[PDB]
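Structure record follows, encoded as structure tokens.
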Amino acid sequence: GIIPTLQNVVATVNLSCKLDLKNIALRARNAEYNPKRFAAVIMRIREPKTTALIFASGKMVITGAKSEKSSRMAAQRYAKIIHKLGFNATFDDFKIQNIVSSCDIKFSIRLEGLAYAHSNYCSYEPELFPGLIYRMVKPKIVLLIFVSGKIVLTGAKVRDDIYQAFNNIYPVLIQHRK
Amino acid sequence: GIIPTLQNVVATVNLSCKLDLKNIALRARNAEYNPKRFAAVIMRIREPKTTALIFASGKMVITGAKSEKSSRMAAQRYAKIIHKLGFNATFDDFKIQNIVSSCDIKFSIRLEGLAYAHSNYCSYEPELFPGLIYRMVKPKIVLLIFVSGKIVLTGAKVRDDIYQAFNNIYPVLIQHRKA
């Protein structure tokens, strides 16, 4: 709807121990390792639907969560799974790296008007990329603004920055209604 | 090719006088004003191909130029056109606001690898937008990185930042080459 909805949360954790990727893939019910295709073990859990990328270094990336809470729960679940597989991993330094979200203002935007009114903040070159790219400074967020009125907000580390960025941009969007 | 080529330069200038947009469009050989379509006069010159957006406020935006030099020359030409039309405009505070450029590294990139290695700097969600968006801090540039190996750099105010950004990213790109 009009309030940004979290579409993806990406987190990292350090397992604090080197893992044998081939062996995790062999023993785990839902994990694969194909180094020519991706240089990490790819492990997935059902509900909620998330994906863990488990690197040889011990670093783990968790993606696919729809909230900070779900992200933390997921990371804990993968840790548990890895421990039950018999590796000596620990849960260390969980951190949210990125939050992507979206909303829909339900009217069309004249992107050309917005771009030339704020050219030091955004780029619009439909020959090269669809939609208008707006680099907000306070807070540090990149917004993708589409003619349809769909808005994507990227680069947030906490949810409050997403809402604040959308509060900042909204009065600008209404000025360029199509 | 491999070194970024400037694709667009956007600049602004303050004319220092409120202009009658309807009258500029009437008198100018190649300018139009349709306030329901765009809230500015759109004026265009042939060679080199550029566009001026002339606002009632007196502010002018010049777009379409391929270099800083060509942008300033275009601005000068539009000013001189406006002056010959009988308006009292002056050339105040020309400023480059944005430079967009592109290059091609001529290999494919595994965008998933790049995104999960550097998730605090970039976003990749092909369901929502094509290509990977990388927010560089030093210098302040946003790069769009595509599977094809095409790279777009946006947000630069001087061309040196474009080259520096690309020099910064290139060693990361090579780490994620794909067949």
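Naming convention: chains lettered A, B, ... in sequence-line order (proteins, then strands); numbering from 1 in each chain.
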For this session: State plainly whether one hydrophobic cluster holds both B/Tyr121 and B/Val142, where clusters connect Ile, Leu, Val, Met, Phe, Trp and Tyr through side-chain heavy atoms under 4.5 angstrom apart.
Result: no
For this session: Using a heavy-atom cutoff of under 4.5 Å, enumerate the residues of residues 153-178 of chain A that contact chain B, numbered in order, or state 'none'.
Result: A/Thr154, A/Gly155, A/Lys157
Problem set entry | Residues of residues 86-117 of chain A within contact distance of chain B, non-hydrogen under 4.5 Å | A/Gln97, A/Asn98, A/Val100, A/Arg110, A/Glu112, A/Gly113, A/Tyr116
Exercise. In terms of heavy-atom pairs under 4.5 Å, which option from B/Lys140, B/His176, B/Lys36 contacts chain A the most?
Worked result: B/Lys140
For this session: Taking atom NZ of A/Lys150 as the centre, report whether more than 12 heavy atoms of other residues, nucleotides or ligands fall under 6.0 Å from it.
Result: no
Exercise. Where is the tightest heavy-atom contact between B/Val137 and A/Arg135, given as atom of each residue plus distance?
Worked result: CA-NH2, 4.2 Å
Problem set entry | Interface moiety of B/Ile141 toward chain A, non-hydrogen atoms closer than 4.5 Å | backbone
For this session: Following the transitive rule for hydrophobic clusters with a side-chain heavy-atom cut-off under 4.5 Å over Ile, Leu, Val, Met, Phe, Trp and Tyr, establish whether A/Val152 and A/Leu143 coincide in one cluster.
Result: no
For this session: Please say whether more than 12 non-hydrogen atoms of neighbouring residues, nucleotides or ligands are located less than 6.0 Å from CZ in A/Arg27.
Result: yes
Exercise. Which bit of B/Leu128 comes within less than 4.5 Å of chain A, counting heavy atoms only: side chain, backbone, both or neither?
Worked result: both
Problem set entry | Hydrophobic cluster membership, A/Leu53 vs A/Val13, 4.5 Å side-chain cutoff | no
Problem set entry | Note, B/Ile133 side chain near A/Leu144 side chain (heavy atom, < 4.5 Å) | yes
